[PDB]
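First the structure, in the form of structure tokens, and then the observations on it.
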Amino acid sequence: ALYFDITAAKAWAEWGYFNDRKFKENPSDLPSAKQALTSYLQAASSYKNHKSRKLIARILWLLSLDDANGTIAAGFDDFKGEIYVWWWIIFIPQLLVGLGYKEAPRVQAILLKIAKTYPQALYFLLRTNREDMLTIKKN
Amino acid sequence: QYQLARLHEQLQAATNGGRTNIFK
Amino acid sequence: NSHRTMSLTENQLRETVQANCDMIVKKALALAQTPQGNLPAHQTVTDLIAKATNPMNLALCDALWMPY
Amino acid sequence: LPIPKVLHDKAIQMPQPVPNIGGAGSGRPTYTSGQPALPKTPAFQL
Amino acid sequence: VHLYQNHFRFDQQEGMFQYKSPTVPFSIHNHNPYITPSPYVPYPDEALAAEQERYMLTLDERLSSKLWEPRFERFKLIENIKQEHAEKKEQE
Amino acid sequence: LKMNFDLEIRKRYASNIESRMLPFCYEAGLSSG
Amino acid sequence: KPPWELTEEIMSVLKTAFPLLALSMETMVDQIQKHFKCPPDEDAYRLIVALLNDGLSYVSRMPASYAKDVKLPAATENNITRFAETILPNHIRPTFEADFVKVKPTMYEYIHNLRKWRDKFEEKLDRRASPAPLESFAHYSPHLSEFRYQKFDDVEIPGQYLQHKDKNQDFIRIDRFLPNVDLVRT
């Protein structure tokens, strides 16, 4: 079906969910998780129709289950296309929290993309986070 | 006449118009 | 907060998250079920309302809660 | 769509009391609706 | 034939025949295990009265006139219609 | 499509003159009543 | 690297683009932060209420301490003396000291005096002139006198990016701050 499709996000979504279930049943098949992440990215890029938020949530959940080598966090390198960072705006607090948990580069790329397009969606939260970190680290 | 008509109506209602046997 | 992780284990986080989500989903699924026999549709809600309105267990609440 | 001037006579008469028609019955405490502009008052004696 | 207080029926009869034939009812504070309890109750000469009741039942179509022997004719009619329709469908 | 004229005549066996009139009218054939 | 370095990098990228908008937002936040903090009376009321609630909770958890012979256990004397010392204006400190810092009160008298003080502060806060001019919350009224005339870019009304929408082309922009402010006691 994916061999015949042109702009079918449903095929990508079903393949990603299949791989996610396969990874869930056996918690040692990292390649399945990587394929699921790549498929979710493809489907989200194809949709652009408010159904990408669930895929983004699944991607964020998958990213936090990675290993030291970062095997799962490679679908970004294996994926070609644009991101459409508008649909990531609702998840800014999660990205801010995660930029200090094992996956800082991947969330920092998205945050940098957002900073250049929607500054008013990020200014206040970024300022509060900066003050909090400054107080905590070097009180 | 009126009593007979009322009794016939009541019996027909009770027996479901002859489809049911209540006397067995 | 516990200051007791010392492991940062992915498996432990996975298991705990799954268990807590399952508990919440069980609580939510109990409310949407319908009875088997000839009982009214939202009988579980009625049972919970009786439990919540019982004065026997309303009297065991805190004073700052103001059960009255 | 069309809006004639004046309006014809039958459409501008004052409502008159009307009886209950339909064959279903009246006074049934069920969830049926049917309603005329001006129903006629039932008879009573106090 | 079985005899009761105000009705009787034959042994193999699913209805009843009347002898005249050819708590706190209606209170919203009652309780039963299928409804919620009410907060207004604890947890689970005659001519004047008749005149007052008559005055209070003014314009009440069905109750004022009364101030009752069901026969289930519509139910039986629906059963007959459904059976006839099923029988007709069986042929085709 | 039609009118069940036999359901209204039976009410004769159920002001008073008005009540008895309509079954007679339907039985004869006076649809107007 | 440390999280704060990444945060600073993001902030620098955000500032290099949209400098005037960033300046306007920063100035607005600074003014709100500077001129909208509680006066001392409200601080005293808040702390009195907190102490009274803590005392009631303690008495509830461990009954038999409500008698007229239990001498304020749980080492709350430290909290009481610290509050009397470093969290009060000079105008009311002597009275609070004479009422609490002394060893006189038991739990009964402790709660009695706390209730009296709470009543006094509630009555005082309730009789203020609630509608206050906005120009009074500054030395040259940055929010009132000059927001529309000393901003270098348009600013949206905050909180519109938390909603589930598909574009921001129809977001509301700030036009003005109303000149009257309400005082509200919870």
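Naming scheme: A, B, ... for chains in displayed order of the structure tokens; residues 1 onward per chain; ligands 1 onward as shown.
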
Define the interface residues of chain C facing chain E as those within 12 Å, counting only C-alpha atoms, and report them as a list in words.
-> residues 38, 39, 40, 41, 42, 43, 44, 45, 46, 47, 48, 49, 50, 51, 52, 53, 54, 55 and 56 of chain C

Output N, CA, C and O atoms of each residue in that selection to a file, as a CSV table (one decimal), in the first residue's frame.
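Result went into out.csv, see below:
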```
chain,number,residue,atom,x,y,z
C,38,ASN,N,-31.8,-7.0,34.2
C,38,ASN,CA,-32.8,-6.0,33.8
C,38,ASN,C,-32.7,-4.7,34.7
C,38,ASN,O,-33.7,-4.1,35.0
C,39,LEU,N,-31.5,-4.3,35.0
C,39,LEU,CA,-31.2,-3.2,35.9
C,39,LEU,C,-31.1,-1.9,35.1
C,39,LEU,O,-30.8,-2.0,33.9
C,40,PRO,N,-31.3,-0.7,35.7
C,40,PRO,CA,-31.1,0.5,34.9
C,40,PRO,C,-29.7,0.7,34.5
C,40,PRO,O,-28.7,0.1,35.0
C,41,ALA,N,-29.5,1.6,33.5
C,41,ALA,CA,-28.2,1.7,32.8
C,41,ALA,C,-27.1,2.2,33.7
C,41,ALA,O,-26.1,1.6,33.8
C,42,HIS,N,-27.3,3.3,34.4
C,42,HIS,CA,-26.3,3.9,35.3
C,42,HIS,C,-26.5,3.5,36.7
C,42,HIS,O,-26.7,4.3,37.6
C,43,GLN,N,-26.4,2.2,37.0
C,43,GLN,CA,-26.5,1.7,38.3
C,43,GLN,C,-25.3,1.9,39.2
C,43,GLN,O,-25.4,2.1,40.4
C,44,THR,N,-24.1,1.8,38.6
C,44,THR,CA,-22.8,2.0,39.3
C,44,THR,C,-22.8,3.4,39.9
C,44,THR,O,-22.3,3.7,41.0
C,45,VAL,N,-23.2,4.4,39.1
C,45,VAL,CA,-23.2,5.8,39.5
C,45,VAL,C,-24.2,5.9,40.7
C,45,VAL,O,-23.9,6.6,41.7
C,46,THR,N,-25.3,5.3,40.7
C,46,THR,CA,-26.3,5.3,41.8
C,46,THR,C,-25.7,4.7,43.0
C,46,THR,O,-25.8,5.2,44.2
C,47,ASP,N,-24.9,3.6,42.9
C,47,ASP,CA,-24.3,3.0,44.1
C,47,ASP,C,-23.2,3.9,44.7
C,47,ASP,O,-23.1,4.1,45.9
C,48,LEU,N,-22.4,4.6,43.8
C,48,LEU,CA,-21.4,5.5,44.3
C,48,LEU,C,-22.1,6.7,45.0
C,48,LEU,O,-21.6,7.2,45.9
C,49,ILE,N,-23.2,7.2,44.5
C,49,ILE,CA,-23.9,8.3,45.1
C,49,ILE,C,-24.5,7.9,46.5
C,49,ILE,O,-24.4,8.7,47.4
C,50,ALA,N,-25.0,6.7,46.6
C,50,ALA,CA,-25.4,6.2,47.9
C,50,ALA,C,-24.2,6.1,48.9
C,50,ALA,O,-24.4,6.6,50.0
C,51,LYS,N,-23.1,5.6,48.4
C,51,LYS,CA,-21.9,5.6,49.3
C,51,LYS,C,-21.5,7.0,49.7
C,51,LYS,O,-21.1,7.2,50.8
C,52,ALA,N,-21.5,7.9,48.8
C,52,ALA,CA,-21.0,9.3,49.1
C,52,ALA,C,-22.0,10.0,49.9
C,52,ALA,O,-21.6,10.9,50.7
C,53,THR,N,-23.3,9.7,49.9
C,53,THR,CA,-24.3,10.4,50.8
C,53,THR,C,-24.5,9.7,52.1
C,53,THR,O,-25.2,10.2,52.9
C,54,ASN,N,-24.0,8.5,52.3
C,54,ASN,CA,-24.2,7.8,53.6
C,54,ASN,C,-23.7,8.6,54.8
C,54,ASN,O,-22.5,9.0,54.8
C,55,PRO,N,-24.5,9.0,55.7
C,55,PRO,CA,-24.0,9.7,56.9
C,55,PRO,C,-23.0,8.9,57.8
C,55,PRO,O,-22.2,9.5,58.5
C,56,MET,N,-23.0,7.6,57.7
C,56,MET,CA,-22.1,6.8,58.5
C,56,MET,C,-20.7,7.0,58.1
C,56,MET,O,-19.8,7.1,59.0
```

Interface residues on chain B facing chain E, 8 Å, only C-alpha atoms, written as a ChimeraX atom specification | /B:3,6-7,10,13-14,16,22-24

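Atom CA of residue 19 of chain B to atom CA of residue 5 of chain E spans 28.7 Å [interatomic distance, one decimal].
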
Straight-line distance linking atom CA of residue 42 of chain G with atom CA of residue 122 of chain G, stated in Å to one decimal =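 Here the two named atoms are 9.4 Å from each other.
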
For residue 48 of chain G, work out the shell of residues within 10 Å, counting only C-alpha atoms and skipping chain neighbours fewer than 2 positions away, then give it as a PyMOL selection string.
-> chain G and resi 42-46+50-54+83+114-115+117-118+121

Same residues, N, CA, C and O atoms, saved as a short mmCIF file (atom, residue, chain, number, x, y, z; two decimals), in the first residue's frame:
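And here's out.cif as it stands now:
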```
data_model
loop_
_atom_site.label_atom_id
_atom_site.label_comp_id
_atom_site.auth_asym_id
_atom_site.auth_seq_id
_atom_site.Cartn_x
_atom_site.Cartn_y
_atom_site.Cartn_z
N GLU G 42 -1.45 42.65 53.75
CA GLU G 42 -1.93 41.42 53.15
C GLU G 42 -1.00 40.25 53.46
O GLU G 42 -1.45 39.12 53.66
N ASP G 43 0.31 40.51 53.52
CA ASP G 43 1.25 39.47 53.93
C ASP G 43 0.95 39.00 55.34
O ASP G 43 0.93 37.79 55.62
N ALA G 44 0.72 39.95 56.26
CA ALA G 44 0.40 39.58 57.63
C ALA G 44 -0.88 38.76 57.70
O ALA G 44 -0.94 37.75 58.41
N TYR G 45 -1.91 39.18 56.96
CA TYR G 45 -3.16 38.43 56.94
C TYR G 45 -2.95 37.01 56.43
O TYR G 45 -3.44 36.04 57.03
N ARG G 46 -2.22 36.87 55.33
CA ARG G 46 -1.97 35.55 54.75
C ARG G 46 -1.26 34.64 55.74
O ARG G 46 -1.64 33.48 55.93
N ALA G 50 -2.51 31.16 57.56
CA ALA G 50 -1.77 29.92 57.43
C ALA G 50 -1.45 29.31 58.79
O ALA G 50 -1.60 28.10 58.99
N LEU G 51 -1.01 30.14 59.74
CA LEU G 51 -0.69 29.64 61.07
C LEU G 51 -1.92 29.07 61.76
O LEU G 51 -1.86 28.01 62.40
N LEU G 52 -3.06 29.77 61.65
CA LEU G 52 -4.28 29.28 62.28
C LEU G 52 -4.70 27.94 61.69
O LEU G 52 -5.09 27.02 62.43
N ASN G 53 -4.63 27.81 60.36
CA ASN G 53 -5.01 26.54 59.74
C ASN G 53 -4.07 25.42 60.17
O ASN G 53 -4.52 24.29 60.43
N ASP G 54 -2.77 25.70 60.25
CA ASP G 54 -1.83 24.68 60.69
C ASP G 54 -2.13 24.24 62.12
O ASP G 54 -2.10 23.04 62.43
N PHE G 83 8.38 34.58 62.65
CA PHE G 83 7.37 35.43 62.03
C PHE G 83 7.27 36.78 62.73
O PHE G 83 7.16 37.82 62.08
N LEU G 114 -5.03 33.89 67.63
CA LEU G 114 -4.96 33.84 66.17
C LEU G 114 -6.29 34.22 65.54
O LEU G 114 -6.33 34.96 64.55
N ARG G 115 -7.40 33.73 66.11
CA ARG G 115 -8.71 34.08 65.59
C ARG G 115 -8.97 35.58 65.71
O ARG G 115 -9.49 36.20 64.77
N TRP G 117 -6.76 38.04 65.76
CA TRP G 117 -5.94 38.76 64.79
C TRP G 117 -6.50 38.60 63.38
O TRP G 117 -6.51 39.55 62.59
N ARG G 118 -6.95 37.39 63.04
CA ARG G 118 -7.54 37.17 61.72
C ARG G 118 -8.77 38.04 61.52
O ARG G 118 -8.96 38.62 60.45
N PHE G 121 -7.68 41.66 60.83
CA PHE G 121 -7.11 41.90 59.51
C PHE G 121 -8.17 41.76 58.41
O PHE G 121 -8.14 42.51 57.43
#
```

Per residue of chain E within 7 Å of chain D, note the shortest atom pair and the distance in Å to one decimal, counting only C-alpha atoms, and order the rows by chain and increasing residue number, as a Markdown table.
```
| residue | atom | partner | partner_atom | distance |
| --- | --- | --- | --- | --- |
| E:55 | CA | D:46 | CA | 6.7 |
| E:59 | CA | D:44 | CA | 6.6 |
| E:61 | CA | D:27 | CA | 5.7 |
| E:62 | CA | D:27 | CA | 6.0 |
```

Would you mind exporting the chosen residues as a PDB file, in the first residue's frame, restricted to N, CA, C and O atoms?
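After the write, result_35.pdb holds the following:
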```pdb
ATOM      1  N   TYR E  55     -61.733  21.296  44.245  1.00  0.00           N
ATOM      2  CA  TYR E  55     -61.199  22.575  43.786  1.00  0.00           C
ATOM      3  C   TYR E  55     -59.779  22.423  43.255  1.00  0.00           C
ATOM      4  O   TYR E  55     -59.411  23.046  42.253  1.00  0.00           O
ATOM      5  N   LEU E  59     -59.703  21.544  35.992  1.00  0.00           N
ATOM      6  CA  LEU E  59     -59.151  21.507  34.637  1.00  0.00           C
ATOM      7  C   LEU E  59     -58.254  20.300  34.386  1.00  0.00           C
ATOM      8  O   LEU E  59     -57.553  20.265  33.368  1.00  0.00           O
ATOM      9  N   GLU E  61     -58.048  17.021  32.997  1.00  0.00           N
ATOM     10  CA  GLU E  61     -58.897  16.264  32.083  1.00  0.00           C
ATOM     11  C   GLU E  61     -59.230  14.861  32.582  1.00  0.00           C
ATOM     12  O   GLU E  61     -60.408  14.526  32.748  1.00  0.00           O
ATOM     13  N   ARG E  62     -58.215  14.031  32.824  1.00  0.00           N
ATOM     14  CA  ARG E  62     -58.480  12.618  33.080  1.00  0.00           C
ATOM     15  C   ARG E  62     -58.857  12.355  34.535  1.00  0.00           C
ATOM     16  O   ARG E  62     -59.711  11.505  34.808  1.00  0.00           O
TER      17      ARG E  62
END
```

Extract the full set of alpha helix (DSSP H) residues from chain C according to DSSP on the backbone, and format it as an MDAnalysis selection string.
-> chainID C and resid 10:32 43:53 55:58

Produce a file of the selected residues containing C-alpha atoms, as an mmCIF file, in the first residue's frame.
```
data_model
loop_
_atom_site.group_PDB
_atom_site.id
_atom_site.type_symbol
_atom_site.label_atom_id
_atom_site.label_comp_id
_atom_site.auth_asym_id
_atom_site.auth_seq_id
_atom_site.Cartn_x
_atom_site.Cartn_y
_atom_site.Cartn_z
ATOM 1 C CA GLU C 10 13.743 2.845 31.472
ATOM 2 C CA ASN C 11 12.049 -0.468 32.306
ATOM 3 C CA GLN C 12 10.928 0.712 35.750
ATOM 4 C CA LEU C 13 9.462 3.923 34.328
ATOM 5 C CA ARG C 14 7.702 1.962 31.582
ATOM 6 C CA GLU C 15 6.144 -0.492 34.040
ATOM 7 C CA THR C 16 5.053 2.189 36.515
ATOM 8 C CA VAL C 17 3.523 4.385 33.805
ATOM 9 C CA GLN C 18 1.634 1.429 32.348
ATOM 10 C CA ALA C 19 0.312 0.369 35.759
ATOM 11 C CA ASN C 20 -0.920 3.843 36.710
ATOM 12 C CA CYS C 21 -2.564 4.418 33.327
ATOM 13 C CA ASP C 22 -4.249 1.020 33.662
ATOM 14 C CA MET C 23 -5.606 1.943 37.098
ATOM 15 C CA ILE C 24 -7.063 5.223 35.834
ATOM 16 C CA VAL C 25 -8.561 3.514 32.779
ATOM 17 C CA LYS C 26 -10.154 0.862 35.002
ATOM 18 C CA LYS C 27 -11.763 3.569 37.127
ATOM 19 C CA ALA C 28 -13.076 5.278 33.986
ATOM 20 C CA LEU C 29 -14.337 2.016 32.444
ATOM 21 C CA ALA C 30 -16.300 0.998 35.540
ATOM 22 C CA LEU C 31 -18.561 4.040 35.098
ATOM 23 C CA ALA C 32 -19.445 3.480 31.420
ATOM 24 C CA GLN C 43 -26.525 1.679 38.348
ATOM 25 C CA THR C 44 -22.844 2.021 39.312
ATOM 26 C CA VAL C 45 -23.233 5.802 39.544
ATOM 27 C CA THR C 46 -26.273 5.298 41.787
ATOM 28 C CA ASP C 47 -24.279 2.985 44.062
ATOM 29 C CA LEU C 48 -21.445 5.514 44.279
ATOM 30 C CA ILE C 49 -23.946 8.274 45.083
ATOM 31 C CA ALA C 50 -25.428 6.204 47.910
ATOM 32 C CA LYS C 51 -21.927 5.560 49.257
ATOM 33 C CA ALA C 52 -21.044 9.264 49.055
ATOM 34 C CA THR C 53 -24.278 10.377 50.756
ATOM 35 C CA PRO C 55 -23.994 9.687 56.921
ATOM 36 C CA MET C 56 -22.115 6.751 58.462
ATOM 37 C CA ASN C 57 -19.031 7.506 56.354
ATOM 38 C CA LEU C 58 -19.738 11.237 56.071
#
```

Got a sec: who's within 12 Å of residue 14 of chain G, counting only C-alpha atoms, leaving out chain neighbours fewer than 2 positions off, as a ChimeraX atom specification?
-> /A:111-124,126-127 /G:7-12,16-23

Name all residues at most 9 Å from residue 37 of chain D (count only C-alpha atoms; drop same-chain ones fewer than 3 positions away) and give them as a ChimeraX atom specification.
-> /D:15-18

Please identify every residue of chain A that has at least one atom no more than 12 Å from any atom of chain G, counting only C-alpha atoms, and report them as a PyMOL selection string.
-> chain A and resi 48-53+84-93+95-138

Quick one: everything within 10 Å of segment 20-31 of chain F, counting only C-alpha atoms, minus sequence neighbours fewer than 5 positions away in the same chain. Send it as a list in words.
->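 In the requested form, the answer reads residues 3, 5, 6, 7, 8, 9, 10, 11, 12, 13, 14 and 15 of chain F.
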
Would you give me, as a tab-separated table, each residue of chain G having an atom within 10 Å of an atom of chain C, along with its shortest atom pair and that distance in Å to one decimal, using only C-alpha atoms and sorting by chain and residue number?
```
residue	atom	partner	partner_atom	distance
G:53	CA	C:64	CA	8.7
G:56	CA	C:64	CA	8.2
G:57	CA	C:64	CA	7.7
G:60	CA	C:63	CA	7.4
G:61	CA	C:62	CA	9.1
```

Produce a file of the selected residues containing C-alpha atoms, as a short mmCIF file (atom, residue, chain, number, x, y, z; two decimals), in the first residue's frame.
```cif
data_model
loop_
_atom_site.label_atom_id
_atom_site.label_comp_id
_atom_site.auth_asym_id
_atom_site.auth_seq_id
_atom_site.Cartn_x
_atom_site.Cartn_y
_atom_site.Cartn_z
CA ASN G 53 -5.01 26.54 59.74
CA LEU G 56 -6.28 23.56 63.71
CA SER G 57 -4.92 20.69 61.61
CA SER G 60 -7.35 17.59 64.78
CA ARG G 61 -4.59 15.05 64.09
#
```

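Within the 9 Å cut-off around residue 178 of chain G, using only C-alpha atoms and omitting residues fewer than 3 positions from it on the same chain, the listed residues are residues 134, 144 and 181 of chain G.
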
Mind pulling up the distance from atom CA of residue 78 of chain E to atom CA of residue 36 of chain C?
-> 27.5 Å

Taking the DSSP assignment computed from this structure's backbone, write out as a list in words all residues of chain G that belong to strand (DSSP E).
->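 The residues of chain G classed as strand (DSSP E) are residues 132, 133, 180 and 181 of chain G.
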